[PDB]
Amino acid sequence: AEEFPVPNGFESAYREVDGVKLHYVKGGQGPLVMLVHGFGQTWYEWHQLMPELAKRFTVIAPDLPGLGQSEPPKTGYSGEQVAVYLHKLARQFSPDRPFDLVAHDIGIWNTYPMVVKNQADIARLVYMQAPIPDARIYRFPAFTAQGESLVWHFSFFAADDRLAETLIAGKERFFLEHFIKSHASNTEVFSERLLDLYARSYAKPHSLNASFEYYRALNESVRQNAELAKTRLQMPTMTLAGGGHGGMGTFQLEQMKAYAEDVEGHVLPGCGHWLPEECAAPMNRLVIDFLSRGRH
């Protein structure tokens, strides 16, 4: 039983990677583009971009380990550990050619180590709406003059005693709707049905836990990246960020400038965190144009 509807011309499938069964949705022909979702969501956040991209590329959108229909990782949830699964999955489908990577939210955390360690495998890179884990995350404020901050969830989700699972169980739909809307500019794009679909997926007990284990590993990911970042990224990179409520603003590009030699950035006015859904059309156009400057 599929958790989300598969677009016409795409297939829902599974591959075993290092003993972990990963779910993905795949379609199209041409060079490979891997799209990696973030917290609260699954492969389905890419379902509007995928058919357009499939006109020029082979597109694969996996569920992160433990989320959606993917098994939890057997190593751990730190960025370097999870990136192995995603790198090896992509290499099964693009063994002889570099591939493109698009990532949203914790999809960044779970891909940056394999990008920096396997640069010859990455043709072009698109990152949106999350910091690469580094010491800059320790500067975000706990509280603001307008109320709750954008990043206090880092501490809530990383707390021990299974604090987040214990408080959210039985309230999974309520919490996710609040989380999405508090990080959105355009809340109208989140229909009842769409919120229902995402809530049912991450409410699976192993997926609810998996969601927060990414944050319980966040400081380990920071420490990992402190060593990895001694090597700059050399491939063409684009950053996207919202300019409205929930958006990262100039932070996304300004951080990426410290990591990448060849980077262009855009801030989208009137958009918040959930760019593929809040601002699907301009985000799709910018990704498609950026990736189509390469061979396709």
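Residue indices: 1-based, along the sequence shown. C-alpha atoms forming the largest set that superposes within 1.5 Å between two forms make up the rigid core.
Point to revise | More shifted region, core-based fit in 5 other deposited structures of this protein, 97-105 vs 143-151 by CA | key: With the rigid core fitted, 143-151 is the stretch that strays more in 5 other deposited structures of this protein.
Check your understanding: Going by the B-factors listed in the PDB entry, is the mean over the C-alpha atoms higher for 118-126 or for 75-83?
Key -> Going by the record's values, the stretch with the higher mean is 118-126.
Point to revise | Segment of higher mean CA temperature factor, 187-195 or 85-93 | key: Of 85-93 and 187-195, the stretch with the higher C-alpha B-factor average is 187-195.
Review point. Among 133, 147, 141, 113, which residue carries the highest C-alpha B-factor recorded in the PDB entry?
Key: The record points to 147.
Practice item. Sort the modelled residues of this chain by their C-alpha B factor and say whether residue 176 lands in the lowest, middle or highest third. Key: It falls in the middle third of the chain.
Review point. Among the chain's modelled residues, which third holds the C-alpha B-factor of residue 101?
Key: As the PDB entry reports it, the C-alpha B-factor of residue 101 lands in the middle third of its chain.
Point to revise | Lowest, middle or highest third - CA B-factor, residue 41 | key: Lowest third - that is where residue 41 ends up once the chain's C-alpha B-factors are sorted.
Check your understanding: With respect to C-alpha B-factor, does residue 276 fall in the lowest, middle or highest third of the chain as deposited?
Key -> For residue 276, the deposited C-alpha B-factor lands in the middle third.
**Study point:** Third of the chain, ranked by Cα B-factor, where residue 170 sits
**Key:** Ranked within chain, residue 170 CA B lands in the highest tercile.
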